[PDB]
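Observations on the three-dimensional arrangement
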Amino acid sequence: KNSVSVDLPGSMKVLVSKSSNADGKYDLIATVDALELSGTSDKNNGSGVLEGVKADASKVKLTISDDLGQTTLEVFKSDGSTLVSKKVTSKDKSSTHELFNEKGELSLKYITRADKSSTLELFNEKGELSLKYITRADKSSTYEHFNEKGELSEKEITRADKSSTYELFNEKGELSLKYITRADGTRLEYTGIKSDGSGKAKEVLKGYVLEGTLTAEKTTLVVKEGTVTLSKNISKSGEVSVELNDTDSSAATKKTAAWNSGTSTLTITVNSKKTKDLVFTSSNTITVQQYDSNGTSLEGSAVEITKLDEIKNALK
(Lines give C-alpha, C1' and ligand atoms only; values in the text may rest on other atoms or scores of the structure.)
Protein backbone atom coordinates (compact mmCIF):
# COMPACT_ATOMS: atom_id res chain seq x y z
CA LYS A 1 0.00 0.00 0.00
CA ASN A 2 1.44 3.34 1.10
CA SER A 3 4.34 1.85 3.06
CA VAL A 4 7.82 3.13 3.86
CA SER A 5 10.76 0.74 3.46
CA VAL A 6 13.11 0.67 6.46
CA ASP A 7 16.59 -0.85 6.42
CA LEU A 8 17.33 -3.01 9.45
CA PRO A 9 20.43 -4.43 11.15
CA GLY A 10 21.24 -7.87 9.84
CA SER A 11 20.61 -6.97 6.19
CA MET A 12 16.82 -7.03 6.38
CA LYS A 13 14.10 -4.60 5.30
CA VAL A 14 10.63 -4.03 6.70
CA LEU A 15 7.69 -2.26 5.09
CA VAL A 16 5.64 -0.18 7.54
CA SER A 17 2.37 1.45 6.54
CA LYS A 18 2.48 5.23 6.33
CA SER A 19 -1.06 5.51 7.72
CA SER A 20 -2.23 4.43 11.17
CA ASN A 21 -5.18 2.03 11.26
CA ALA A 22 -8.41 2.54 13.20
CA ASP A 23 -6.52 1.83 16.45
CA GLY A 24 -3.40 3.97 15.97
CA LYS A 25 -1.36 0.95 14.91
CA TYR A 26 0.70 0.18 11.82
CA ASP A 27 0.97 -2.84 9.54
CA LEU A 28 4.41 -4.40 9.10
CA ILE A 29 5.60 -6.75 6.37
CA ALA A 30 9.08 -8.25 5.85
CA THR A 31 10.58 -11.04 3.78
CA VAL A 32 13.44 -12.82 5.54
CA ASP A 33 15.21 -15.81 3.98
CA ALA A 34 12.23 -16.06 1.58
CA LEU A 35 9.62 -16.21 4.43
CA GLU A 36 7.06 -13.41 4.50
CA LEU A 37 6.62 -12.20 8.06
CA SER A 38 3.79 -9.99 9.25
CA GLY A 39 2.78 -8.05 12.31
CA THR A 40 1.27 -4.89 13.69
CA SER A 41 3.09 -2.30 15.78
CA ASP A 42 1.94 0.63 17.86
CA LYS A 43 5.09 2.36 16.46
CA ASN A 44 5.39 3.81 12.95
CA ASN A 45 9.16 3.59 12.29
CA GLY A 46 9.38 -0.12 11.45
CA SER A 47 10.06 -1.37 14.97
CA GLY A 48 7.92 -4.14 16.46
CA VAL A 49 7.28 -7.87 16.10
CA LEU A 50 6.66 -9.81 12.88
CA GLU A 51 5.81 -13.51 12.69
CA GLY A 52 5.58 -16.24 10.09
CA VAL A 53 5.35 -20.00 9.70
CA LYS A 54 7.63 -22.14 7.57
CA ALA A 55 6.38 -25.05 5.48
CA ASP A 56 7.84 -27.48 8.04
CA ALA A 57 5.56 -25.80 10.67
CA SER A 58 8.45 -23.93 12.39
CA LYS A 59 7.37 -20.53 13.74
CA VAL A 60 9.57 -17.50 12.97
CA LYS A 61 9.59 -14.31 15.05
CA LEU A 62 11.29 -11.04 14.09
CA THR A 63 11.65 -8.50 16.93
CA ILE A 64 12.92 -5.02 15.96
CA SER A 65 13.90 -2.74 18.85
CA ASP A 66 12.28 0.70 19.19
CA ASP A 67 15.26 2.69 17.90
CA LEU A 68 15.92 0.11 15.14
CA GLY A 69 19.37 -0.55 16.63
CA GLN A 70 18.83 -4.28 17.07
CA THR A 71 16.97 -7.17 15.47
CA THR A 72 16.27 -10.59 16.97
CA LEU A 73 15.32 -13.34 14.56
CA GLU A 74 14.01 -16.44 16.36
CA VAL A 75 12.96 -19.79 14.92
CA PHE A 76 10.99 -22.14 17.16
CA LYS A 77 9.58 -25.64 16.75
CA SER A 78 5.87 -25.92 15.99
CA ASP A 79 4.94 -25.13 19.61
CA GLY A 80 6.33 -21.63 19.06
CA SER A 81 8.27 -22.03 22.36
CA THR A 82 11.10 -24.55 21.77
CA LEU A 83 13.89 -22.40 20.32
CA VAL A 84 15.66 -23.81 17.26
CA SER A 85 17.72 -20.80 16.19
CA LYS A 86 18.32 -17.17 17.08
CA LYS A 87 20.17 -14.39 15.27
CA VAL A 88 20.70 -11.08 17.10
CA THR A 89 22.24 -8.19 15.16
CA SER A 90 23.17 -4.63 16.15
CA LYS A 91 23.53 -1.49 14.06
CA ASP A 92 27.34 -1.60 14.22
CA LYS A 93 26.91 -5.04 12.48
CA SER A 94 27.94 -7.09 15.50
CA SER A 95 25.83 -10.21 15.62
CA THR A 96 25.33 -13.49 17.45
CA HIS A 97 23.94 -16.53 15.64
CA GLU A 98 22.89 -19.51 17.76
CA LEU A 99 21.56 -22.98 16.96
CA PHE A 100 20.10 -25.13 19.73
CA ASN A 101 20.01 -28.92 20.03
CA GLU A 102 17.00 -31.02 21.02
CA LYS A 103 18.06 -30.56 24.66
CA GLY A 104 17.60 -26.81 24.19
CA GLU A 105 21.34 -26.25 24.71
CA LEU A 106 23.66 -24.65 22.15
CA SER A 107 24.97 -26.80 19.32
CA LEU A 108 26.49 -23.79 17.51
CA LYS A 109 27.37 -20.23 18.46
CA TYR A 110 28.73 -17.74 15.92
CA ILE A 111 29.62 -14.23 17.05
CA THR A 112 30.76 -11.47 14.71
CA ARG A 113 31.94 -8.17 16.19
CA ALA A 114 32.08 -4.64 14.85
CA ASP A 115 35.86 -4.80 14.15
CA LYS A 116 35.00 -7.81 11.89
CA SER A 117 36.58 -10.34 14.23
CA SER A 118 34.46 -13.39 14.91
CA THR A 119 34.27 -16.65 16.82
CA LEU A 120 32.63 -19.85 15.66
CA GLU A 121 31.98 -22.48 18.34
CA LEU A 122 30.46 -25.91 17.81
CA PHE A 123 29.35 -28.09 20.73
CA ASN A 124 28.77 -31.87 20.69
CA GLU A 125 25.84 -33.66 22.31
CA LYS A 126 27.82 -33.70 25.58
CA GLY A 127 27.82 -29.87 25.74
CA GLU A 128 31.56 -29.71 25.17
CA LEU A 129 33.39 -27.58 22.62
CA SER A 130 34.10 -29.74 19.56
CA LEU A 131 35.25 -27.02 17.14
CA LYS A 132 36.48 -23.48 17.56
CA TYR A 133 37.31 -21.06 14.76
CA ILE A 134 38.27 -17.52 15.79
CA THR A 135 39.24 -14.79 13.36
CA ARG A 136 40.64 -11.53 14.60
CA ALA A 137 40.46 -8.00 13.27
CA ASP A 138 43.96 -8.22 11.76
CA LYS A 139 42.84 -11.40 9.90
CA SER A 140 44.92 -13.70 12.07
CA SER A 141 42.98 -16.78 13.14
CA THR A 142 42.93 -19.96 15.21
CA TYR A 143 41.25 -23.20 14.15
CA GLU A 144 40.77 -26.12 16.54
CA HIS A 145 38.84 -29.30 15.86
CA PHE A 146 38.43 -31.90 18.62
CA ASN A 147 37.77 -35.63 18.19
CA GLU A 148 34.95 -37.47 19.98
CA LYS A 149 37.37 -38.15 22.84
CA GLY A 150 37.85 -34.40 23.31
CA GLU A 151 41.48 -34.33 22.21
CA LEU A 152 42.82 -32.17 19.43
CA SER A 153 42.42 -33.67 15.97
CA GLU A 154 43.44 -30.64 13.86
CA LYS A 155 44.80 -27.20 14.71
CA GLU A 156 45.73 -24.27 12.50
CA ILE A 157 47.09 -20.99 13.83
CA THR A 158 47.49 -18.10 11.38
CA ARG A 159 49.24 -14.86 12.30
CA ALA A 160 48.85 -11.26 11.14
CA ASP A 161 51.94 -11.59 8.88
CA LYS A 162 50.27 -14.55 7.04
CA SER A 163 52.63 -17.08 8.62
CA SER A 164 50.91 -20.13 10.04
CA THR A 165 51.23 -23.57 11.58
CA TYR A 166 48.99 -26.48 10.62
CA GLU A 167 48.90 -29.53 12.88
CA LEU A 168 47.17 -32.87 12.36
CA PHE A 169 46.77 -35.61 14.94
CA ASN A 170 46.18 -39.33 14.56
CA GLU A 171 43.15 -41.05 16.11
CA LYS A 172 45.10 -41.36 19.38
CA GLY A 173 45.52 -37.57 19.58
CA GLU A 174 49.28 -37.70 18.87
CA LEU A 175 50.92 -35.29 16.44
CA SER A 176 51.19 -36.90 12.99
CA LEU A 177 51.84 -34.06 10.53
CA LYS A 178 52.90 -30.42 10.93
CA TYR A 179 53.17 -27.67 8.30
CA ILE A 180 54.99 -24.46 9.18
CA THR A 181 54.23 -21.70 6.64
CA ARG A 182 56.59 -18.75 6.88
CA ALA A 183 55.48 -15.14 6.38
CA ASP A 184 56.94 -15.26 2.84
CA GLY A 185 55.10 -18.40 1.72
CA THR A 186 58.00 -20.82 2.11
CA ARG A 187 57.15 -23.98 4.06
CA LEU A 188 58.60 -26.59 6.38
CA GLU A 189 56.58 -29.81 6.03
CA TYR A 190 56.95 -32.45 8.75
CA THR A 191 55.36 -35.85 8.17
CA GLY A 192 55.42 -39.32 9.63
CA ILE A 193 56.12 -37.83 13.04
CA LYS A 194 56.55 -40.48 15.74
CA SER A 195 56.13 -40.19 19.50
CA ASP A 196 59.95 -39.98 19.86
CA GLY A 197 60.16 -36.67 17.96
CA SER A 198 61.59 -37.75 14.60
CA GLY A 199 60.09 -37.79 11.13
CA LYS A 200 60.46 -36.81 7.48
CA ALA A 201 61.10 -33.17 6.58
CA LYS A 202 60.67 -31.02 3.46
CA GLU A 203 61.41 -27.32 3.03
CA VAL A 204 59.31 -25.94 0.17
CA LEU A 205 61.19 -22.88 -1.09
CA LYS A 206 60.33 -20.67 -4.05
CA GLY A 207 61.26 -22.72 -7.11
CA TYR A 208 62.42 -25.98 -5.51
CA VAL A 209 62.06 -28.37 -2.56
CA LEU A 210 64.69 -29.73 -0.15
CA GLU A 211 64.18 -33.11 1.52
CA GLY A 212 65.53 -34.47 4.77
CA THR A 213 64.68 -35.46 8.31
CA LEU A 214 63.65 -34.14 11.70
CA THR A 215 65.19 -35.38 14.93
CA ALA A 216 65.22 -34.26 18.55
CA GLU A 217 67.41 -31.18 18.06
CA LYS A 218 67.13 -29.98 14.45
CA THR A 219 65.73 -30.34 10.95
CA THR A 220 68.34 -31.49 8.42
CA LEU A 221 67.75 -30.99 4.69
CA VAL A 222 70.34 -32.77 2.53
CA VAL A 223 71.45 -32.16 -1.06
CA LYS A 224 73.89 -34.77 -2.40
CA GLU A 225 75.82 -34.52 -5.69
CA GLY A 226 78.24 -37.37 -6.29
CA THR A 227 80.76 -37.37 -3.46
CA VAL A 228 79.57 -34.07 -1.95
CA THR A 229 76.78 -33.75 0.60
CA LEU A 230 75.52 -30.35 1.71
CA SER A 231 73.42 -30.37 4.90
CA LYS A 232 71.21 -27.39 5.76
CA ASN A 233 70.53 -27.51 9.50
CA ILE A 234 67.78 -25.50 11.18
CA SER A 235 67.76 -25.62 14.98
CA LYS A 236 64.61 -25.42 17.10
CA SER A 237 64.83 -21.60 17.18
CA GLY A 238 65.16 -21.48 13.39
CA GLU A 239 68.91 -20.75 13.51
CA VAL A 240 70.34 -22.06 10.23
CA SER A 241 73.73 -23.79 10.01
CA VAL A 242 75.30 -25.55 7.02
CA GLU A 243 77.77 -28.44 6.62
CA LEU A 244 79.52 -29.81 3.54
CA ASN A 245 81.23 -33.18 3.32
CA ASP A 246 83.14 -34.59 0.36
CA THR A 247 84.19 -38.25 0.30
CA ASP A 248 86.49 -37.40 -2.63
CA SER A 249 89.97 -37.93 -1.19
CA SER A 250 91.80 -36.46 -4.19
CA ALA A 251 93.56 -33.21 -3.30
CA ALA A 252 93.09 -31.70 -6.76
CA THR A 253 89.28 -31.87 -6.49
CA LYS A 254 88.11 -32.36 -2.89
CA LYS A 255 85.59 -29.84 -1.54
CA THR A 256 86.09 -28.27 1.86
CA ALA A 257 83.74 -25.68 3.33
CA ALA A 258 83.70 -23.27 6.26
CA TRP A 259 80.40 -22.02 7.69
CA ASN A 260 80.35 -18.44 9.02
CA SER A 261 77.20 -18.01 11.11
CA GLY A 262 77.78 -14.24 11.27
CA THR A 263 77.59 -13.94 7.47
CA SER A 264 75.21 -16.90 6.92
CA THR A 265 77.75 -17.93 4.29
CA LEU A 266 79.31 -21.26 3.42
CA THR A 267 82.63 -20.71 1.62
CA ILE A 268 83.75 -23.67 -0.53
CA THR A 269 87.43 -24.37 -1.19
CA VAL A 270 89.07 -26.65 -3.77
CA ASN A 271 92.83 -27.20 -4.06
CA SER A 272 93.73 -24.50 -1.50
CA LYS A 273 91.63 -21.97 -3.49
CA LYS A 274 88.24 -20.48 -2.69
CA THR A 275 85.76 -21.30 -5.46
CA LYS A 276 82.27 -20.18 -4.40
CA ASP A 277 80.23 -18.58 -1.63
CA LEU A 278 76.81 -19.98 -0.72
CA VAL A 279 74.74 -17.50 1.32
CA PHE A 280 71.67 -18.79 3.15
CA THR A 281 69.74 -15.54 3.45
CA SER A 282 67.24 -14.52 6.11
CA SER A 283 64.62 -14.50 3.31
CA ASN A 284 64.76 -18.31 2.82
CA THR A 285 66.75 -18.07 -0.39
CA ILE A 286 70.20 -19.26 -1.40
CA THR A 287 72.61 -17.33 -3.59
CA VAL A 288 75.82 -18.64 -5.16
CA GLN A 289 78.78 -16.49 -6.18
CA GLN A 290 82.06 -17.61 -7.72
CA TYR A 291 85.56 -16.62 -6.73
CA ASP A 292 88.06 -15.65 -9.41
CA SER A 293 90.38 -18.27 -10.90
CA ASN A 294 93.02 -17.32 -8.31
CA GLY A 295 90.71 -17.67 -5.30
CA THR A 296 91.54 -14.07 -4.37
CA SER A 297 88.06 -12.56 -4.16
CA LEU A 298 84.56 -12.90 -5.55
CA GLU A 299 83.87 -12.04 -9.19
CA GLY A 300 80.70 -11.11 -11.03
CA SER A 301 77.61 -10.96 -8.85
CA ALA A 302 75.59 -13.28 -6.62
CA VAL A 303 72.80 -15.29 -8.25
CA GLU A 304 69.68 -16.31 -6.33
CA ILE A 305 69.01 -20.03 -6.65
CA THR A 306 65.65 -20.92 -8.19
CA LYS A 307 66.12 -24.65 -8.91
CA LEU A 308 67.52 -27.66 -7.02
CA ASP A 309 69.95 -28.54 -9.84
CA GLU A 310 71.60 -25.16 -9.26
CA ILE A 311 72.53 -26.31 -5.75
CA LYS A 312 73.76 -29.64 -7.15
CA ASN A 313 75.78 -27.71 -9.73
CA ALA A 314 77.41 -25.58 -7.05
CA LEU A 315 78.54 -28.84 -5.42
CA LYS A 316 80.31 -30.30 -8.51
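In its metadata, the entry names X-ray crystallography as the structure determination method and reports 2.00 Å as the resolution.

With that settled, the discussion passes to the domain arrangement of the protein chain. In terms of domains, the protein chain is made up of domain 1 (1–67) and domain 2 (218–316). In this structure, domain 1 and domain 2 have C-alpha centres spaced 74 Å apart.

Next up on the list: the sheet that holds strand 26 (residues 286–290). Sheets are built from strands paired through backbone hydrogen bonds, the pairs being either parallel or antiparallel. In space, the five strands of this open sheet follow the order 23-24-25-26-27, with antiparallel pairing throughout. In this open sheet, the two edge strands, each paired with only one partner strand, are strand 23 (255–260) and strand 27 (303–304). Alignment of strand 25 (residues 273–280) against strand 26, held across five bridges, turns out to be antiparallel. In the sheet register, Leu278 faces strand 26, and the bridge partner there is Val288.

Turning next to the side chain of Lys255. Relative to the elements of secondary structure, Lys255 occurs in strand 23. No salt bridge is formed by the buried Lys255. Its closest oppositely charged neighbour is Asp246, at 5.0 Å. Among the polar contacts listed, one links the side chain of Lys255 to the backbone oxygen of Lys316, at a separation of 3.4 Å. The contacts of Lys255, once residues within four sequence positions are left out, are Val228, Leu244, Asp246, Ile268, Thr269, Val270, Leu315 and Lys316.

Residues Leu230, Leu266, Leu278 and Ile311 are the most contacted members of the largest nonpolar core, which totals 25 residues. If one sorts the elements of this core by residue count, strand 21 (residues 228–234) sits on top with three residues. When sequence neighbours within four positions are dropped, the list of residues in contact with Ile311 reads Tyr208, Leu210, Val223, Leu230, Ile286 and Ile305. In terms of nonpolar packing, the next biggest core, distinct from the first, is built from 18 residues, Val6, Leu8, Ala30 and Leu73 among them.

What counts, and where the lines are drawn
Residues numbered from 1 in each chain as written, not as in the entry; some residues may be left out. Heavy atoms only, no water. Domains from an automatic or database assignment. Pairing = 2+ DSSP bridges. Helix = DSSP H or I, 4+ residues; strand = E, 2+ residues; numbered from the N terminus. Buried < 20%, exposed > 50% of the residue type's maximum accessible area, 1.4 Å probe, protein only. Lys, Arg positive; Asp, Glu negative; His and termini not counted. Salt bridge = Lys/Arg side-chain N within 4 Å of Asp/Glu carboxyl O. Polar contact = N/O pair within 3.5 Å; in protein donor to acceptor, adjacent residues only side chain to side chain. Contact = heavy atoms within 4.5 Å. Core = buried A, V, L, I, M, F, W, Y, C linked by side-chain atoms within 4.5 Å.

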